[PDB]
Amino acid sequence: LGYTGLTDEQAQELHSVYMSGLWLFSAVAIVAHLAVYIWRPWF
Amino acid sequence: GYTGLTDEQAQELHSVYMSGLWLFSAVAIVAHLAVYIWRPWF
Amino acid sequence: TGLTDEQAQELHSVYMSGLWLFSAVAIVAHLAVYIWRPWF
Amino acid sequence: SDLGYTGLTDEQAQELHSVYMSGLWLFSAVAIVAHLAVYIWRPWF
Amino acid sequence: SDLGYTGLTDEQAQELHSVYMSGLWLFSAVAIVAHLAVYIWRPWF
Amino acid sequence: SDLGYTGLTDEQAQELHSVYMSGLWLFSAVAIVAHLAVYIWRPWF
Amino acid sequence: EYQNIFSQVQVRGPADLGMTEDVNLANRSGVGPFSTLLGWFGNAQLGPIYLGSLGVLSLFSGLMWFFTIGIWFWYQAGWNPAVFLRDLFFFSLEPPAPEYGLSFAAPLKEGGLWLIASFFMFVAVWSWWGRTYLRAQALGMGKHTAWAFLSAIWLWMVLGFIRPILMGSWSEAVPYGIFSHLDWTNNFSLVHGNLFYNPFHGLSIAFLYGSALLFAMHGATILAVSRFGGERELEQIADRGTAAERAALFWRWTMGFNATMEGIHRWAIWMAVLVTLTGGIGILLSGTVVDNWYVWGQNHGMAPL
Amino acid sequence: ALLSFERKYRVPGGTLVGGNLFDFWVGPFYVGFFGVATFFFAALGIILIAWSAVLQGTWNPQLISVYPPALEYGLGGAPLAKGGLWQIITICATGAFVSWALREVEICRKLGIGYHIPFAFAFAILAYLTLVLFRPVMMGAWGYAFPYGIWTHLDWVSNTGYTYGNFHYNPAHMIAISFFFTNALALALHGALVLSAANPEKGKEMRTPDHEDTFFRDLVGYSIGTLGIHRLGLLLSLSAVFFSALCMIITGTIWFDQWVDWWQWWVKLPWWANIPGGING
Amino acid sequence: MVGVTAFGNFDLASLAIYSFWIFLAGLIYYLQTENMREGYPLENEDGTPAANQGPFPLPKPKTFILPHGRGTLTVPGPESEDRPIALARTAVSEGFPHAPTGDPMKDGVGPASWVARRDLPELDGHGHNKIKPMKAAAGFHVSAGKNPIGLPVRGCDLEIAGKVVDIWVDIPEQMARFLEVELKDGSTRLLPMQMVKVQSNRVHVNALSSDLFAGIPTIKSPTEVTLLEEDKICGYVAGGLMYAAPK
Amino acid sequence: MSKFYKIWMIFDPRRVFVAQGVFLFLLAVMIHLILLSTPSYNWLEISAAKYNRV
Amino acid sequence: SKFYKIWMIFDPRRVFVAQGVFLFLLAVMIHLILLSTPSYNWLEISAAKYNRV
Amino acid sequence: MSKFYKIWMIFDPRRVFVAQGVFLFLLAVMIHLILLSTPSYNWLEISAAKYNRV
Amino acid sequence: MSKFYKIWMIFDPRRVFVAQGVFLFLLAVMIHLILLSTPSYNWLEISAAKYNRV
Amino acid sequence: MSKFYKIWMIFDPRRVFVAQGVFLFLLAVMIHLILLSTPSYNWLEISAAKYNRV
Ligand SMILES: COC(C)(C)C(=O)C/C=C(/C)CC/C=C(\C)CC/C=C(\C)CCCC/C(C)=C/CC[C@@H](C)CC/C=C(/C)CCC=C(C)C
Ligand SMILES: [Fe+2]
């Protein structure tokens, strides 16, 4: 467990931030794909 | 052991990794099912 | 390598368990393919 | 009267050789079964 | 007597040579059987 | 003196030469048998 | 007449085992015997071989690429060694026919085995990357070992996987011959008119020459200071001795502009990577961009019109 | 001008003509007796290439061209509208490269290092001397030389190369081409280790000479050391120009055929040349 | 872009070249710059910072962290020489060589210079001297080489100067570096293997004469050669190449 | 199969994870490209031809 | 029989890493050999059976 | 096995096992490839010929 | 014949065995390949003739 | 001829033996290959015509 020296609290906070960013980006991607599919579906 | 991990540490790490593997595999199963329904390859 | 008889015993048991699992999956797969389309 | 590069004992070499021969006999038996199966299925002579 | 370069004894060389000759005779016997089988199956003379 | 660079003795060289000549005679005998067999089977003269 | 070629006095002994900071000694064991001829030419230590995970990874995929192409070649040879010996370096492993083109439905004879064989050499070259890379990481070196190596792979990749996909055909990759590759390189120029007016090739033409031409002098500068302590180069940046001091000014006096020990080795890899980096984009343009260099060079007044 | 440590390295002696003559330094560069000769010829040699343009009338930057005489004229009267310009511009550059190389030895002697750099360059020039007064003359006239026009960029392959077919099948050329790769593949590692030890992982120490061997030994399994490469780099690079220029000579009056057909000489071998099967037989 | 230029002739094709024109020149500026780490800023004969420095400036001085626990070197810091440059400027006027005032070989000018190194007889990364005497070389021995013991040492001027006793061998390179030639005077002189050319049976010194054998610089430690002498010996030894150009 | 943690007693997790990441990514790329290669299975081609959108 | 003994003489780590590389390469080779043949190129027969091409 | 067992004394077992494994796998692969190259023993083809798989 | 056994007193066994193994395998391979080229002795072709598999 | 034993006093037996073995084998392969190449004494070739195995 000595590869970076981060704490459980530090890793918790960092992971929460990263997941928030991931969810934001994924939401934008979902909106984009929905818009394209409505405009022109690829199935 | 190359690495000095404990039994408890390895237990926790393996549990986490297996959880991730099961999640990813579940997504893969859903995807394959969707494709096969849409267009089977058999 | 300096492993003990007990250590080698445990490691070999684990490895054989894994081998049997993998081989079982392979057997199932081959059976499925052969039923679907035999190659003999 | 070991006489190796290797320092193994007579007992160690005995055990290792027994193990290796067991493995060889197992593998050879599988090979014999396979060749018999192929020859029955389609002989090459 | 010996020359003295690998350092093997007369007894050690005796045993090693006996083992090697046994192996050679075994292998040669198998080869003889194989050649006989092929010649019976299809002679090359 | 014994002019030895290799340092072998007269007895050592005697034994080694006897062994080598025995091997040479064995090999040559086999060769003679082989040539005789071929010549009988198909002479090249 | 002693132009610094041969060691005159030969001294030999126990090889250094090796020095470890962060090296996994589990993968490193054993030492090797000593080479005869190079002891006149120079050093003789052949080993040790780091049986590394990537090295093992490269060990098989290279070997399978090494061996498997042999067997399909024998299928050409008719199982006759004297036939195989004669038309050695005449056997050539073809890619799939252009009807398949991009499509990976090739038969084994008709280039199917190329994609089979080529996938394994695809594994080996990339896997050797880290074997260089990771070992530096253990000893804490620069990663230039990696970045000069990727220079080749970027152009090595475009020959097979990048340039052919942009059109959409596997024929436009290189058949695996000893002579079919060489006929292919000439064939490439003929396909797109002449390869003459292809710029990034013509740029690459300069820099392969820059490799050996410059380094003949660079070594000679070191060869000049084997009397002046050239073989202790590592601290000759740190402790600038007469090795660094004298010759460099000769490069001031001949060329006007001079350099030092540390920056002189920048030119080595940095010029060298121009050998491979330039071609990778350069070979692209013939297929997907400029189908005939003979007319394209006419645009910018380097062609006769 | 002078570096922070140069000054003492300039001693007015050893010069090839006479020890103490014309050995002043013009700022960073040095101009001397042999210092004139390359400056003498290169200064005009460029400018008559400018006069090459006017004979055509073109001034488009690359479209300026210098045209060698064909086989016919040789050592005779030739219109400068065709020749006696490429023939004279031969005089300038050819003198220059000899002038510059033999210039170098004086400052080499001054700083007391080997003649290898003049030796290396003088041998590098020997590739060029192969191209004019050697390859043309060995047949008999400079017609068999490529034009000294910039826009040609050595585009004489039209009749040059394919008279020999696939020309990378000159045996020496097959050897010659491979050499620059051997240099360029090895070149990285010396450009690596001394620079990768000079630059370690940002945050790691500079390396020691004991570190130097271990990296290369565990990788491919053999270290000759630093000097082996510098010698090989000189062994390689001069061989590459040596095996390239030599085969240039044996294109003329030695090989008048197609380079592929020579490899058939192995396929010509009476023992197993004519066994049916495979690709030939 | 299927044969489709943006307009006329300018497309992605020329874009790569136009990229390559700018891309190259930036590196060449960087390549010129990173070679500028010794002897800058430029000086003149007098010692003033020169009028011309050039468009390419000094790159940032990065002090290297050093191994062995010896200390640190800051390169490029202020460049120092700290060595005998007692000389005579031939001309106050700009652009003239510098005549040797007294004995140049003590000072070291032209081919005779010798640089101020570290004063440490260099140990290896393992903590032992890189150059080790044969007698103190534990384990290694003369294996298959022409042991110079038995070869009369000959100078350029064709006088027998000495005879070899030991070789101070390079342990890392496992190739010989220095040659013990103790002279008839009494001092034990080392000559680098690289400098002189030995054939099958003699030891010839083609750069300097047997008179300069008498002044070959002495070593303070009969067991370890110091760095400063290394050049100072060779600077002494290699300098006479031109002073003894006659003879 | 609970006993499988001994491999983590054997293998440093970081390198296994990075090898796995490269492995999975390259495999997904290869499968996707083999798919898209086939005219039969090419979702872009299928959509283009079905919806008459050539 | 009893094959525990190999481990105490022969290294584990190398065994597992080499075996992993071996199995992946082997599986890829066999799969590609299948895919190259017209029969057992299951994509093509899938197309032909559902007659979509 | 009366006297064969001394062989492991003169040969280091680790290396002989490595070499044997490499040799065995190479041999099996080579023989299988040779077998396939023969049109009579292309076990893929026999399946194709029997069941009339085009 | 009786006293050959000093050859091991002359030679190191292990190198002799390495050479013998390489020699024997390479020899067997080349003999087999020549037989296999030999139309009279390509058992794989001979298997085809007697059984009317083409 | 009687004091040929001094030959081994002059030369090391091991090197001579290596040379003899290598030379003997290279030689034997040479002659066999030449016979196999010549059509009269390619002993394989005759066997076909005598038995009419084609
Ligand atoms: C003793 O007997 C044996 C058999 C062991 C031998 O010794 C035989 C040994 C041999 C070496 C056999 C002879 C075969 C060689 C000579 C091969 C020579 C190969 C070349 C000359 C070509 C090398 C590379 C050429 C190029 C340009 C390759 C393209 C670069 C890569 C990017 C190619 C990658 C291609 C693809 C398709 C990757 C994707 C994989 C798909 C399946 C997705
Ligand atoms: Fe340097």
# chains A, B, ... in the order shown; residues from 1 in each chain; ligands from 1
>>> calpha_fit_rmsd(fixed="chain E", moving="chain D")
0.8 Å
>>> select_by_dssp(residues="chain L", states="alpha helix (DSSP H)", output="ChimeraX atom specification")
/L:7-10,13-37,43-50
>>> residues_near_ligand(ligand="ligand 2", cutoff="10 Å", atoms="only C-alpha atoms and all ligand atoms", output="PyMOL selection string")
(chain G and resi 218-219+221-222+230-237+240+243-244+259-266) or (chain H and resi 190-191+194-195+198)
>>> residues_near_ligand(ligand="ligand 1", cutoff="6 Å", atoms="only C-alpha atoms and all ligand atoms", output="PyMOL selection string")
(chain G and resi 66-67+69-70+115+118-119+122+156-161+174+176-178) or (chain J and resi 30)
>>> closest_atom_pairs(of="chain M", to="chain D", cutoff="10 Å", atoms="only C-alpha atoms", output="JSON lines")
{"residue": "M:13", "atom": "CA", "partner": "D:4", "partner_atom": "CA", "distance": 9.9}
{"residue": "M:14", "atom": "CA", "partner": "D:5", "partner_atom": "CA", "distance": 9.0}
{"residue": "M:43", "atom": "CA", "partner": "D:44", "partner_atom": "CA", "distance": 7.0}
{"residue": "M:44", "atom": "CA", "partner": "D:44", "partner_atom": "CA", "distance": 6.6}
{"residue": "M:45", "atom": "CA", "partner": "D:44", "partner_atom": "CA", "distance": 9.1}
{"residue": "M:46", "atom": "CA", "partner": "D:45", "partner_atom": "CA", "distance": 7.6}
{"residue": "M:47", "atom": "CA", "partner": "D:44", "partner_atom": "CA", "distance": 5.0}
{"residue": "M:48", "atom": "CA", "partner": "D:44", "partner_atom": "CA", "distance": 8.3}
{"residue": "M:50", "atom": "CA", "partner": "D:45", "partner_atom": "CA", "distance": 8.9}
{"residue": "M:51", "atom": "CA", "partner": "D:43", "partner_atom": "CA", "distance": 9.6}
>>> interface_residues(of="chain F", to="chain E", cutoff="10 Å", atoms="only C-alpha atoms", output="PDB file with N, CA and C atoms, in the first residue's frame")
ATOM      1  N   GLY F   7      52.933 -33.503 -22.167  1.00  0.00           N
ATOM      2  CA  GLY F   7      53.276 -34.089 -20.889  1.00  0.00           C
ATOM      3  C   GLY F   7      52.813 -35.512 -20.686  1.00  0.00           C
ATOM      4  N   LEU F   8      52.297 -36.165 -21.719  1.00  0.00           N
ATOM      5  CA  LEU F   8      51.927 -37.564 -21.589  1.00  0.00           C
ATOM      6  C   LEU F   8      53.174 -38.425 -21.442  1.00  0.00           C
ATOM      7  N   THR F   9      53.020 -39.551 -20.763  1.00  0.00           N
ATOM      8  CA  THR F   9      54.121 -40.483 -20.611  1.00  0.00           C
ATOM      9  C   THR F   9      54.161 -41.445 -21.790  1.00  0.00           C
ATOM     10  N   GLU F  11      53.929 -44.661 -21.307  1.00  0.00           N
ATOM     11  CA  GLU F  11      52.875 -45.619 -20.999  1.00  0.00           C
ATOM     12  C   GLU F  11      51.503 -45.051 -21.329  1.00  0.00           C
ATOM     13  N   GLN F  12      51.268 -43.786 -20.981  1.00  0.00           N
ATOM     14  CA  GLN F  12      49.988 -43.160 -21.284  1.00  0.00           C
ATOM     15  C   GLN F  12      49.753 -43.106 -22.785  1.00  0.00           C
ATOM     16  N   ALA F  13      50.765 -42.672 -23.536  1.00  0.00           N
ATOM     17  CA  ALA F  13      50.634 -42.621 -24.985  1.00  0.00           C
ATOM     18  C   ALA F  13      50.443 -44.012 -25.561  1.00  0.00           C
ATOM     19  N   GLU F  15      48.953 -46.601 -24.116  1.00  0.00           N
ATOM     20  CA  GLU F  15      47.581 -47.025 -23.873  1.00  0.00           C
ATOM     21  C   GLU F  15      46.610 -46.278 -24.773  1.00  0.00           C
ATOM     22  N   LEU F  16      46.778 -44.961 -24.880  1.00  0.00           N
ATOM     23  CA  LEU F  16      45.878 -44.167 -25.701  1.00  0.00           C
ATOM     24  C   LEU F  16      45.946 -44.597 -27.154  1.00  0.00           C
ATOM     25  N   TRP F  41      26.019 -55.746 -54.186  1.00  0.00           N
ATOM     26  CA  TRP F  41      24.716 -55.282 -54.635  1.00  0.00           C
ATOM     27  C   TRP F  41      24.820 -54.556 -55.965  1.00  0.00           C
TER      28      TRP F  41
END
>>> calpha_fit_and_write(fixed="chain L", moving="chain N", output="short mmCIF file (atom, residue, chain, number, x, y, z; two decimals) with N, CA and C atoms, in the first residue's frame")
data_model
loop_
_atom_site.label_atom_id
_atom_site.label_comp_id
_atom_site.auth_asym_id
_atom_site.auth_seq_id
_atom_site.Cartn_x
_atom_site.Cartn_y
_atom_site.Cartn_z
N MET N 1 19.16 -49.34 -17.27
CA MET N 1 17.97 -48.51 -17.33
C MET N 1 17.55 -48.09 -15.94
N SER N 2 17.96 -48.90 -14.96
CA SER N 2 17.52 -48.70 -13.59
C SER N 2 18.17 -47.47 -12.98
N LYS N 3 19.46 -47.27 -13.24
CA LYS N 3 20.14 -46.08 -12.74
C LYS N 3 20.21 -45.00 -13.83
N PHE N 4 19.04 -44.64 -14.34
CA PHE N 4 18.92 -43.43 -15.14
C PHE N 4 18.88 -42.18 -14.27
N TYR N 5 18.64 -42.33 -12.97
CA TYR N 5 18.54 -41.16 -12.10
C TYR N 5 19.82 -40.35 -12.07
N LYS N 6 20.95 -40.95 -12.45
CA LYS N 6 22.19 -40.19 -12.46
C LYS N 6 22.20 -39.12 -13.54
N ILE N 7 21.30 -39.20 -14.53
CA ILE N 7 21.26 -38.20 -15.60
C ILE N 7 21.12 -36.81 -15.01
N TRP N 8 20.18 -36.66 -14.08
CA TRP N 8 19.99 -35.39 -13.42
C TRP N 8 21.18 -35.01 -12.56
N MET N 9 22.00 -35.99 -12.16
CA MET N 9 23.24 -35.64 -11.49
C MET N 9 24.22 -34.99 -12.45
N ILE N 10 24.09 -35.29 -13.74
CA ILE N 10 25.01 -34.76 -14.74
C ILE N 10 24.54 -33.41 -15.27
N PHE N 11 23.23 -33.23 -15.44
CA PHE N 11 22.67 -32.03 -16.05
C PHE N 11 21.74 -31.33 -15.07
N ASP N 12 21.67 -30.01 -15.18
CA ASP N 12 20.74 -29.26 -14.36
C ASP N 12 19.31 -29.52 -14.83
N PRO N 13 18.40 -29.89 -13.93
CA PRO N 13 17.03 -30.19 -14.37
C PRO N 13 16.34 -29.02 -15.02
N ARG N 14 16.62 -27.79 -14.57
CA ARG N 14 15.88 -26.64 -15.07
C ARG N 14 16.15 -26.40 -16.55
N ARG N 15 17.42 -26.43 -16.95
CA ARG N 15 17.77 -26.21 -18.35
C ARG N 15 17.20 -27.31 -19.23
N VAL N 16 17.30 -28.56 -18.78
CA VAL N 16 16.74 -29.67 -19.55
C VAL N 16 15.24 -29.50 -19.71
N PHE N 17 14.57 -29.06 -18.65
CA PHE N 17 13.12 -28.89 -18.72
C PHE N 17 12.75 -27.78 -19.70
N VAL N 18 13.47 -26.67 -19.66
CA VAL N 18 13.24 -25.60 -20.62
C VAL N 18 13.40 -26.13 -22.03
N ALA N 19 14.49 -26.86 -22.26
CA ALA N 19 14.76 -27.40 -23.59
C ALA N 19 13.67 -28.35 -24.03
N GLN N 20 13.22 -29.23 -23.13
CA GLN N 20 12.19 -30.18 -23.49
C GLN N 20 10.89 -29.48 -23.83
N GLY N 21 10.48 -28.50 -23.02
CA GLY N 21 9.24 -27.81 -23.32
C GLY N 21 9.29 -27.11 -24.66
N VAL N 22 10.36 -26.35 -24.89
CA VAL N 22 10.48 -25.60 -26.14
C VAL N 22 10.50 -26.56 -27.32
N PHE N 23 11.31 -27.61 -27.21
CA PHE N 23 11.44 -28.57 -28.29
C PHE N 23 10.12 -29.26 -28.57
N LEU N 24 9.44 -29.70 -27.51
CA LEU N 24 8.17 -30.39 -27.69
C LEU N 24 7.19 -29.51 -28.42
N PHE N 25 7.11 -28.23 -28.04
CA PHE N 25 6.12 -27.40 -28.70
C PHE N 25 6.49 -27.12 -30.14
N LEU N 26 7.75 -26.78 -30.40
CA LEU N 26 8.15 -26.52 -31.78
C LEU N 26 7.86 -27.74 -32.64
N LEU N 27 8.20 -28.92 -32.12
CA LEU N 27 7.95 -30.16 -32.83
C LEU N 27 6.47 -30.33 -33.14
N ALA N 28 5.62 -30.18 -32.12
CA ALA N 28 4.20 -30.44 -32.31
C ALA N 28 3.61 -29.49 -33.33
N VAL N 29 4.00 -28.22 -33.27
CA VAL N 29 3.54 -27.27 -34.27
C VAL N 29 4.00 -27.68 -35.65
N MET N 30 5.24 -28.17 -35.75
CA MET N 30 5.73 -28.59 -37.06
C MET N 30 4.82 -29.65 -37.65
N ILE N 31 4.57 -30.72 -36.89
CA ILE N 31 3.79 -31.83 -37.44
C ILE N 31 2.38 -31.38 -37.77
N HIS N 32 1.76 -30.60 -36.88
CA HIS N 32 0.41 -30.13 -37.15
C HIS N 32 0.36 -29.31 -38.42
N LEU N 33 1.33 -28.42 -38.61
CA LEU N 33 1.35 -27.59 -39.80
C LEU N 33 1.55 -28.43 -41.05
N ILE N 34 2.40 -29.46 -40.97
CA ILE N 34 2.60 -30.30 -42.15
C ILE N 34 1.31 -31.01 -42.50
N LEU N 35 0.64 -31.59 -41.51
CA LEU N 35 -0.63 -32.25 -41.78
C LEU N 35 -1.64 -31.26 -42.35
N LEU N 36 -1.69 -30.06 -41.78
CA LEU N 36 -2.62 -29.04 -42.23
C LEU N 36 -2.32 -28.61 -43.66
N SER N 37 -1.05 -28.66 -44.05
CA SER N 37 -0.64 -28.33 -45.41
C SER N 37 -0.98 -29.45 -46.38
N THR N 38 -0.72 -30.69 -45.99
CA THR N 38 -1.05 -31.82 -46.84
C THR N 38 -2.57 -31.89 -47.01
N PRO N 39 -3.06 -32.09 -48.23
CA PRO N 39 -4.51 -32.06 -48.44
C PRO N 39 -5.23 -33.29 -47.92
N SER N 40 -4.56 -34.43 -47.79
CA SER N 40 -5.23 -35.61 -47.25
C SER N 40 -5.56 -35.43 -45.78
N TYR N 41 -4.63 -34.88 -45.01
CA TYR N 41 -4.78 -34.82 -43.56
C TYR N 41 -4.87 -33.40 -43.04
N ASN N 42 -5.31 -32.46 -43.86
CA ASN N 42 -5.82 -31.21 -43.31
C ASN N 42 -7.22 -31.50 -42.80
N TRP N 43 -7.32 -31.84 -41.52
CA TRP N 43 -8.58 -32.32 -40.98
C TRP N 43 -9.70 -31.30 -41.13
N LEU N 44 -9.36 -30.02 -41.27
CA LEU N 44 -10.39 -29.04 -41.58
C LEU N 44 -11.01 -29.31 -42.94
N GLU N 45 -10.19 -29.66 -43.93
CA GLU N 45 -10.67 -29.75 -45.31
C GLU N 45 -11.70 -30.86 -45.47
N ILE N 46 -11.46 -32.03 -44.87
CA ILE N 46 -12.40 -33.14 -45.00
C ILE N 46 -13.77 -32.75 -44.48
N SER N 47 -13.80 -32.06 -43.34
CA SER N 47 -15.07 -31.77 -42.70
C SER N 47 -16.02 -31.03 -43.63
N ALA N 48 -15.47 -30.23 -44.54
CA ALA N 48 -16.31 -29.50 -45.48
C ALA N 48 -17.02 -30.44 -46.45
N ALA N 49 -16.26 -31.33 -47.09
CA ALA N 49 -16.85 -32.19 -48.11
C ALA N 49 -17.78 -33.24 -47.52
N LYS N 50 -17.49 -33.72 -46.31
CA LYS N 50 -18.36 -34.72 -45.69
C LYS N 50 -19.72 -34.12 -45.35
N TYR N 51 -19.75 -32.85 -44.97
CA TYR N 51 -20.99 -32.19 -44.57
C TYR N 51 -21.54 -31.26 -45.64
N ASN N 52 -20.80 -31.05 -46.73
CA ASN N 52 -21.22 -30.16 -47.81
C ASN N 52 -21.51 -28.75 -47.29
N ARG N 53 -20.60 -28.24 -46.47
CA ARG N 53 -20.61 -26.85 -46.05
C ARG N 53 -19.63 -26.11 -46.94
N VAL N 54 -20.15 -25.21 -47.77
CA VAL N 54 -19.30 -24.53 -48.75
C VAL N 54 -19.25 -23.03 -48.48
#
>>> decode(residues="range 188-199 of chain G", atoms="N, CA, C and O atoms", output="PDB file, in the first residue's frame")
ATOM      1  N   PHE G 188       6.911   0.413 -55.278  1.00  0.00           N
ATOM      2  CA  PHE G 188       6.176   1.532 -54.697  1.00  0.00           C
ATOM      3  C   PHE G 188       6.406   2.813 -55.490  1.00  0.00           C
ATOM      4  O   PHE G 188       5.462   3.559 -55.776  1.00  0.00           O
ATOM      5  N   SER G 189       7.657   3.081 -55.863  1.00  0.00           N
ATOM      6  CA  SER G 189       7.952   4.268 -56.657  1.00  0.00           C
ATOM      7  C   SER G 189       7.230   4.233 -57.996  1.00  0.00           C
ATOM      8  O   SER G 189       6.693   5.250 -58.449  1.00  0.00           O
ATOM      9  N   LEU G 190       7.208   3.067 -58.643  1.00  0.00           N
ATOM     10  CA  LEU G 190       6.550   2.939 -59.939  1.00  0.00           C
ATOM     11  C   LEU G 190       5.045   3.148 -59.824  1.00  0.00           C
ATOM     12  O   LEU G 190       4.418   3.681 -60.745  1.00  0.00           O
ATOM     13  N   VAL G 191       4.447   2.718 -58.710  1.00  0.00           N
ATOM     14  CA  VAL G 191       2.998   2.827 -58.549  1.00  0.00           C
ATOM     15  C   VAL G 191       2.559   4.286 -58.620  1.00  0.00           C
ATOM     16  O   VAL G 191       1.653   4.645 -59.379  1.00  0.00           O
ATOM     17  N   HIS G 192       3.203   5.148 -57.842  1.00  0.00           N
ATOM     18  CA  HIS G 192       2.855   6.566 -57.804  1.00  0.00           C
ATOM     19  C   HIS G 192       3.806   7.350 -58.706  1.00  0.00           C
ATOM     20  O   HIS G 192       4.625   8.155 -58.255  1.00  0.00           O
ATOM     21  N   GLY G 193       3.683   7.095 -60.008  1.00  0.00           N
ATOM     22  CA  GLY G 193       4.554   7.728 -60.981  1.00  0.00           C
ATOM     23  C   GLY G 193       6.005   7.431 -60.681  1.00  0.00           C
ATOM     24  O   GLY G 193       6.479   6.311 -60.890  1.00  0.00           O
ATOM     25  N   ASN G 194       6.723   8.436 -60.195  1.00  0.00           N
ATOM     26  CA  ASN G 194       8.015   8.240 -59.557  1.00  0.00           C
ATOM     27  C   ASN G 194       7.943   8.755 -58.127  1.00  0.00           C
ATOM     28  O   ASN G 194       7.306   9.777 -57.858  1.00  0.00           O
ATOM     29  N   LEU G 195       8.584   8.038 -57.209  1.00  0.00           N
ATOM     30  CA  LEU G 195       8.691   8.519 -55.838  1.00  0.00           C
ATOM     31  C   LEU G 195       9.602   9.737 -55.712  1.00  0.00           C
ATOM     32  O   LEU G 195       9.766  10.252 -54.601  1.00  0.00           O
ATOM     33  N   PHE G 196      10.189  10.204 -56.817  1.00  0.00           N
ATOM     34  CA  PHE G 196      11.136  11.317 -56.779  1.00  0.00           C
ATOM     35  C   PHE G 196      10.600  12.496 -55.977  1.00  0.00           C
ATOM     36  O   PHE G 196      11.168  12.875 -54.947  1.00  0.00           O
ATOM     37  N   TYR G 197       9.487  13.075 -56.430  1.00  0.00           N
ATOM     38  CA  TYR G 197       8.973  14.335 -55.911  1.00  0.00           C
ATOM     39  C   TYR G 197       8.226  14.159 -54.596  1.00  0.00           C
ATOM     40  O   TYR G 197       7.527  15.080 -54.151  1.00  0.00           O
ATOM     41  N   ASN G 198       8.374  13.002 -53.963  1.00  0.00           N
ATOM     42  CA  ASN G 198       7.833  12.799 -52.630  1.00  0.00           C
ATOM     43  C   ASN G 198       8.722  13.522 -51.628  1.00  0.00           C
ATOM     44  O   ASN G 198       9.874  13.121 -51.436  1.00  0.00           O
ATOM     45  N   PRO G 199       8.236  14.569 -50.973  1.00  0.00           N
ATOM     46  CA  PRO G 199       9.104  15.363 -50.097  1.00  0.00           C
ATOM     47  C   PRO G 199       9.643  14.609 -48.893  1.00  0.00           C
ATOM     48  O   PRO G 199      10.862  14.501 -48.740  1.00  0.00           O
TER      49      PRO G 199
END
